[PDB]
Structure formats: C-alpha cells, structure tokens
Amino acid sequence: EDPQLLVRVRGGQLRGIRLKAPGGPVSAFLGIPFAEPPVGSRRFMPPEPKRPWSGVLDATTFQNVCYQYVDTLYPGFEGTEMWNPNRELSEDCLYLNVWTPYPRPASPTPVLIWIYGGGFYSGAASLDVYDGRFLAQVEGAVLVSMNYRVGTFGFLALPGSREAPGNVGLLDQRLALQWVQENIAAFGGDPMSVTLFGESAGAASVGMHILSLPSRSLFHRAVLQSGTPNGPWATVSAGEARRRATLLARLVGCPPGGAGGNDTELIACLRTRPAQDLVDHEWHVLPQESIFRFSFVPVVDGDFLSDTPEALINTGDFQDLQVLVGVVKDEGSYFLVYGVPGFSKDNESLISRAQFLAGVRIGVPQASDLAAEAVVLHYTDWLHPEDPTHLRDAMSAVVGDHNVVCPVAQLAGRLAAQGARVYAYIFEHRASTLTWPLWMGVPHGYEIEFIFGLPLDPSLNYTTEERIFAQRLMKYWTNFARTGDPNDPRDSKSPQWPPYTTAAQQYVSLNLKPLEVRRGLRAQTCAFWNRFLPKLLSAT
Ligand SMILES: *[P@@](=O)(OCc1ccccc1O)Oc1ccccc1C
Ligand SMILES: *[C@@H]1O[C@H](CO)[C@@H](O)[C@H](O)[C@H]1NC(C)=O
Ligand SMILES: [Cl-]
Ligand SMILES: [Cl-]
Ligand SMILES: [Cl-]
C-alpha cells in the first residue's frame, strides 16, 4: 500500500495513482464521487451529498463524462474533437479529480479549482487540455476539477417548481467546492486559500459563484478566462427558461396530450425520457437564428442569482476579492464556422458585404434592425466597405466584442470600481500546433493548453519558446492563486503586471515577448456595446 496514494476523506477511503509528468511523478486521485448520482427521479434536481462508502474506492481512472451533445461539424478534425467527450456518457457523472505533487505535499498547498466550459452544453473535466498533472509537478499545486451537469440535465428549468428548480449544474459545482473545503486538507491542499479558475461557460460559472453568497463563502480568488456572468449568453430570464423547457417537453411528446401547466406532471413525463431524446432535441428550442447561444444556461431564479448578474456586479461590494480576467486575441472567430455563412476552416473565408450584414443579424441575434444598423456602421471601414478581408475580420470582431470582450471590459470596470483588485490580460499567442486555419488568429479556448502547461510534454511537439512561455503563464496563475497577485515577489524584472483600474485601465499582453502594458481594453468599441447599444435596442 502506498501511503501517498491512500486517502481517507469523509465518505471513506480511496486509492490514487502515481503518474509520470515530464519532470517527475505526481499523485492523481481521479473519479472521486461527490454526489449521489442524479439519475432517474433525481433528474433535473439539485445534487445530494455522496452517501459514505466502505472499502477503498478505486480512484485511479477518470469517471464518466456527463450526458451531452457531441460535436460533429468537422469530424476527424482535431480542432473540434479535442473538446469532445473522451469517456462514456452517463447521467451518473458527478465525480471529481485531484492532482497533487508526489509525495503528497507536506505543508497546506494553495488549491486551484477548475471549472470547464462548453456552452453549458458540452463538457468534461477529463479532456487532455484540462490535465492538472503539469501544474502539480511543476508549480507544486493541488489542482481540483469536477464534472458538472451540462445540457437539459444541468439546466432545464421550470422556475419555482420543486422538481426542476434550475441551475442544478451550478449546484453541482458548488457541492464540489464544499467537498474541497471539507476534504482537500487530506491531500495536502489548504482550504484557507482556494482559487477558482474557468473558461467560456466555466468563467461564467466562476462569475456566478462570486455573485451567489453561499458559493462566495467557499473560496477566495477568481480567474475568469474569456467569459463573464454578465453578457448576452450566460443567463436567461425565468420567463424564457420556462418557455424553453415547456417547448422541449412538447418536442419530445411530453405534454403528453397537450398540457404543461402542472409542472410536476411535466417534469415527471420528461424523466421518463431517454437521455439522448433530450439531447437530440435540446437545441431546437432556441428562439432565433444565432451563434454563441445555447438553449439551457444559468437562470435568473432569484435564488442562486438573487438578481440579474449585471445588477449584482453593479451593486455588490467586492473589497474582499481578487480577480484575474482576460480574453484571447480573436474571441469571435471560432464561432463563425458554426452558423455564419461564408466562413469555413478550409479556406480564407473571404466574404461579401451581404454575407457580412446577414452575419451581423446572426451574430447579434437579439438586435433590432436599428441596433444591427449601428453595429454595421461602427464595424465598417467606410473607405473600403467592400473589402472582403476587412469584412471577415470585422465579423470575427463583432462576435468577439459582443459576446466576450466587452463583457470582460464591463465586469473588470465594475469589479474594480466596487472594491475588488482586478488584473487583466490579453492572450496573443497562436500555438505552433494549432489545427485551425490562419484567418482565425488566436481563437477562443486556445490559451488553456498553455495555462495547464501542456507544452512541457515534449511528445506534444510545441517549440522551446512555447515551453518557456507555458512555464511563465503557470507561474503567473499560481502566483495569483497563492497570493491575489500574479507578479513575482522575489523579483522586479518582468516588468510588473499592474492592477486594472477605472482610472488607468491597464492590462498586459501575454505573448512570447516580455510583458507589455496596454491601456484601454477596446475602450471606445466597448463604450458602444455597453453604454449605447442598450439605450438603443431597448426604447425601440
Ligand atoms: P464556451 O462555452 O463556448 C461554446 C458556446 C458558448 C455559448 C454558446 C454556445 C457555445 O457553443 O466553450 C468553448 C468554445 C469553443 C471551444 C472550446 C470551448 C471550451
Ligand atoms: C397536478 O395535476 C394532476 C391532475 O392532472 C394531479 O394528479 C396532481 O396531484 C397535480 N400536482 C400537484 C403537485 O398539485
Ligand atoms: Cl423526492
Ligand atoms: Cl450597406
Ligand atoms: Cl487575423
């Protein structure tokens, strides 16, 4: 028996596995159950704490990926498939993972918790890109990532009912946070210093846990990468959620005869449905022709979220809090191949002006005609309005700015304004190994493999530049995680990464070159998106 691989948590004993990271061994305890399986009658309902077990639980392998839609756009192509599920599908899927150094660390170690993204529809904590082994080996960290429920299973809501209350995926995440608070000490982690970091939907989730008190009590620092709790895609009014669930039920023959009024007898019917029925039907309820919008997301129930996120970020008090926010250089591009006609991974995707206008209607789905007109006006180069290259890059920009960049702006501005200590970044490095075409720049999601330090694995064919860069990012993130500052304490030569402030508005470029400080995060464009646009498409 290996003393370092046997742990006894509150539920009982579990056995881990000694892994080879490049630079040495690490400890991995994978597939630890944190909730009773939300299957059958527990469908759509909040997680229940995992009932204690006997004997030593085998924690040496990844557990099931939560039942979910699978991406089929470009089959065989690494660039999409990397995000696809890599273990079996199952509603029995609420397991988590811990990486630590080997031997398990002597002193309480600052814990990193990873919340994955993927539309609140796709997702798994077991994907190669979210592999904690490098951070554990190299920076000495204790890294935790959980599975949470995505899709209808995680987010179908009849707001106010008992049987489908909404935001149960977030509650899964929270339960995982509680497990960490209650048990991470056993692995050498330190419950007194917990950082959540996430991406896309993940970041939105992190945002939500900032904004919802009982989660807020369970950690100390956040990192939001390319996503926010505010913004157009991360939430839904209870009205819309109710609409969407009702409609989904209708689509899977679940009125059954024509009803939907008795919620209990509706959710009941739904629970009698095969999981792939629900998947194969989930996207159908989206109200408009759109990209960067999924059917089932966090809902504004006045419970988990006491008000809209935007309200909360406006009126909160965040003195107690340090956040690291940032975006990649080309947020929008990835999404264009998923709906905006004229865009493909297979060519330069040069577009006509017509395709551009139609594309704006698709990308800013909830725009009024006048809103769309303002968008087109702002984004056109009126000197060369016909130029396909400018147009293409513009469409990428519209989608990026609208969905990611300017919400990150807004959120950093408010949090800074509201007491928090914020640090901001722009990730500008195209991975040498990127399989997506050149026109897509540094797409949404492609900084993760660096933060997790995958280029430290020589078999993975990054450049030495990229190995070094990876180590730099890892140092940044763990420094933050450890001490609410990404800077190197034992140094002055970086140069320093300054806090984002409403006054100075400073962020840094993370690329191969040394830190460079820039002021104004898409300032003017974001004034357009965040100050005017709402005055416009409302009061229309
Ligand atoms: P995000 O969750 O983006 C996906 C998404 C978000 C909102 C609506 C629809 C949709 O598809 O996560 C990623 C995007 C692209 C690549 C990788 C991830 C994790
Ligand atoms: C909903 O309506 C049905 C009758 O169609 C009834 O049997 C059931 O008790 C009702 N549920 C609740 C919780 O009132
Ligand atoms: Cl019950
Ligand atoms: Cl025109
Ligand atoms: Cl470009």
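In the PDB header, X-ray crystallography is given as the technique by which the entry was determined, and 2.950 Å as its resolution.

K.L.:
What am I meant to see in the site of ligand 2 here?
P.N.:
Taken together, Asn-262, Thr-264 and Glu-265 make up the full set of residues adjacent to ligand 2. The side chain of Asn-262 places a nitrogen or oxygen atom 2.4 Å from an oxygen atom of ligand 2. In isolation ligand 2 has 370 Å² of accessible area, and contact with the protein removes 29% of it.

K.L.:
What's the story with the UniProt feature "active site" in the chain in this structure? I'm lost.
P.N.:
The positions UniProt marks with the feature "active site" are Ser-200, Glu-331 and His-444. These annotated residues cover 245 residues of sequence, but their C-alpha atoms sit close together, with the largest distance between any two at 10.1 Å. Structurally, the position occupied by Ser-200 is in the loop between β13 (189-199) and α5 (201-211). In contact with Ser-200, not counting residues within four places along its chain, are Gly-118, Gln-225, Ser-226, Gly-227, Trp-233 and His-444. Structurally, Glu-331 can be placed in the loop between β17 (322-328) and α11 (333-336). Sequence-distant contacts of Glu-331, defined by excluding residues within four places in its chain, comprise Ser-226, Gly-400, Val-404, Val-405 and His-444. A distance of 2.9 Å separates the side chain of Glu-331 from the side chain of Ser-226, its partner in a polar contact.

K.L.:
What exactly am I supposed to notice about the site of ligand 1 here?
P.N.:
Inspection of the region around ligand 1 gives 15 residues, with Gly-118, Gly-119, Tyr-121, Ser-200 and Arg-293 positioned closest. In the environment of ligand 1, an oxygen atom lies 3.4 Å from a nitrogen or oxygen atom belonging to the backbone of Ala-201. Out of a free accessible area of 450 Å², ligand 1 has 93% covered by protein chains. Residues of the shell around ligand 1, tallied by class, amount to eight nonpolar, five polar and two charged.

K.L.:
When you look at the nonpolar core in this model, what are you seeing that I'm missing?
P.N.:
As a rule of thumb, soluble globular proteins bury nonpolar side chains together. With 186 residues, the main nonpolar core has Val-98, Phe-187, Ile-210, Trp-477, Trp-497 and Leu-510 as its most contacted residues. Top contributing element to this core by residue count: helix α14 (residues 388-417), with 14 residues. If near-sequence neighbours (up to four positions away) are discounted, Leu-510 is found in contact with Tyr-425, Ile-426, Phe-427, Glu-428, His-429, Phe-469, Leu-473, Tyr-476, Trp-477, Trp-497 and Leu-515.

K.L.:
How should the state of the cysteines be read in this particular structure?
P.N.:
Think of a disulfide as a covalent bridge from one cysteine sulfur atom to another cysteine sulfur atom. Going through the model one piece at a time under the given rule, you end up with three disulfides. Put simply, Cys-66 and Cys-93 are joined by a disulfide, and their sulfur atoms are 2.1 Å apart. On the S-S bond that ties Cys-66 to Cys-93, the torsion sits near 90 degrees, and the link is right-handed. You can see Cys-66 sitting in strand β8 (residues 65-66) and its partner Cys-93 sitting in the loop between β9 (89-90) and β10 (95-101), a full 27 residues away along the chain. Covalent S-S linkage joins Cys-254 and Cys-269, the inter-sulfur distance amounting to 2.0 Å. Between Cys-254 and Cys-269 the sulfur-sulfur dihedral comes to about -110 degrees; the bridge is accordingly left-handed. Within this pair, whereas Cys-254 is found in the loop between α7 (238-251) and α8 (264-271), its partner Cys-269 is found in helix α8, the two being separated by 15 residues in sequence. Here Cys-254 and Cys-269 have matching classes, each one buried. When the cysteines engaged in disulfides are numbered in sequence order, the chain pairs them as 1-2, 3-4, 5-6.

K.L.:
Just checking my understanding: could you explain the UniProt feature "disulfide bond" in the chain for this structure?
P.N.:
The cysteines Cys-254 and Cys-269 carry a UniProt disulfide annotation, and their SG atoms are 2.0 Å apart, under the 2.5 Å mark, so the bond is there. Here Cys-254 falls in the buried class, since its relative accessible area comes to 1%. Between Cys-406 and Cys-526, where UniProt annotates a disulfide, the S-S separation is 2.0 Å; being under 2.5 Å, the link is counted as present. Taken together, the residues span a long stretch of sequence, with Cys-406 in helix α14 and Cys-526 in helix α17 (residues 523-537) at a distance of 120 residues. On the accessibility criterion, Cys-406 (0% relative accessible area) is buried.

K.L.:
Can you walk me through the sheet that holds strand β4 (residues 24-33) in this structure?
P.N.:
Through backbone hydrogen bonds, the strands of a sheet pair up, either in parallel or in antiparallel fashion. Here we have eleven strands laid out as an open sheet, ordered β3-β4-β10-β12-β11-β13-β14-β17-β18-β19-β20, and mixed in their pairing. Edge strands, defined here as strands with exactly one partner in the open sheet, are β3 (17-21) and β20 (516-519). Neighbouring strand axes in the sheet, compared pairwise and without regard to direction, differ in orientation by 25 degrees on average.

K.L.:
Before we go on, may I ask you to explain the pairing of β20 in this structure?
P.N.:
Each regular strand carries side chains that alternate between the two faces of the sheet. Of the pairings in the sheet, the one linking strand β19 (residues 506-510) to β20 comprises four bridges and is antiparallel in character. Each residue of the ladder has a partner; that of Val-508, found in β20, is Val-517. With antiparallel pairing between neighbouring strands as the criterion, β19 and β20 make up a hairpin whose turn holds five residues.

K.L.:
Help me understand the pairing of β4 in this model?
P.N.:
Burial analysis of β4 places nine of its ten residues in the buried class, which makes it a mostly covered element. Here five bridges tie β3 to β4, and the two strands are oriented antiparallel to one another. Within β4, the position partnered with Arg-18 by the bridge is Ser-27. Hairpin connection between β3 and β4: a loop of two residues separates the two successive antiparallel strands.

K.L.:
In this structure, what is going on with the pattern of salt bridges? I would like to understand it.
P.N.:
Once the charged atoms of two side chains with opposite charge are near each other, the side chains can pair. Throughout the structure, instances matching the rule amount to 22 salt bridges. Here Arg-51 and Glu-36 are joined by a salt bridge, their closest N and O atoms 3.4 Å apart. Of this pair, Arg-51 sits in the loop between β6 (48-49) and β7 (56-58) while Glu-36 is found in strand β5 (residues 35-36), placing the two residues 15 residues apart along the sequence. Given the relative accessible area of 57%, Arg-51 is considered exposed. A salt bridge links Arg-149 to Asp-172; the shortest N-O distance between them is 2.6 Å.

K.L.:
Explain the sheet that holds β7 to me, please; I cannot follow it from the model alone.
P.N.:
In spatial order, the strands read β1-β2-β7; together these three strands make up an open sheet with mixed pairing. The outermost strands of the open sheet, each flanked by one partner alone, are β1 (6-8) and β7. On average, adjacent strands in this sheet sit at an angle of 30 degrees to one another, irrespective of strand direction.

K.L.:
Which parts of the structure should I look at to understand α14?
P.N.:
Side chains that are three or four residues apart share a direction in an α-helix, a result of its 3.6 residues per turn. At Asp-401, α14 shows its maximal kink, close to 60 degrees. Of all 30 residues that make up α14, 22 are buried, and the element is covered over most of its length. Sitting at the amino-terminal end of α14 is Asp-387, which places a side-chain oxygen 3.3 Å from the backbone nitrogen of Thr-389. Trailing α14 by a residue or two, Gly-419 shows a phi angle of about 110 degrees, which is positive.

Conventions we followed
Counting starts from 1 on each chain and follows the sequence as written, independent of the entry's numbering; residues without coordinates are not shown. All chains are assigned letters beginning with A, and all ligands numbers beginning with 1, in the order in which they are written. Hydrogens and water are ignored here; the side-chain numbers use all heavy atoms of the structure. Consider each residue's heavy atoms; a residue with any of them within 4 Å of a molecule or strand counts as near. Polar contact is defined as a pair of N or O atoms within 3.5 Å, subject to the rule that within protein one atom must be able to donate a hydrogen and the other to accept it, and that residues adjacent in sequence are counted only when both atoms are side-chain atoms. Method for areas: the Shrake-Rupley scheme with a 1.4 Å probe, in which residue coverage is limited to the protein chains shown. UniProt positions are given in the numbering used here, feature names are shortened, and annotations may be inferred rather than shown by experiment. A helix here means a DSSP run of H or I that spans at least four residues, while a strand means a run of E at least two residues long, and both kinds are numbered starting from the N terminus. For this analysis, residues touch if any pair of their heavy atoms sits within 4.5 Å. Amino acids are sorted into nonpolar (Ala, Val, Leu, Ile, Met, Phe, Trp, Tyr, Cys and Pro), charged (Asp, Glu, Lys and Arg) and polar (every other residue, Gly among them). The definition of a nonpolar core used throughout is a set of buried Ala, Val, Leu, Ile, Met, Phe, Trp, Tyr and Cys residues joined through side-chain atoms within 4.5 Å. Burial classes follow relative accessibility: with a 1.4 Å probe on protein chains only, a residue under 20% of its type's maximum area counts as buried, one over 50% as exposed, and anything between as partly exposed. In plain terms, two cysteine sulfur atoms within 2.5 Å form what is called a disulfide here. Only strands joined by at least two bridges in the DSSP assignment are considered to pair. Every axis corresponds to a line fitted to the C-alpha atoms, with the helix fit spanning only the stretch in contact, and the corresponding angles, defined between N-to-C directions, vary from 0 to 180 degrees. Any carboxyl oxygen of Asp or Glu within 4 Å of a side-chain nitrogen of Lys or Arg constitutes a salt bridge here. Here the bend at a residue is taken as the angle between two axes, fitted respectively to the seven residues that end there and the seven that start there.

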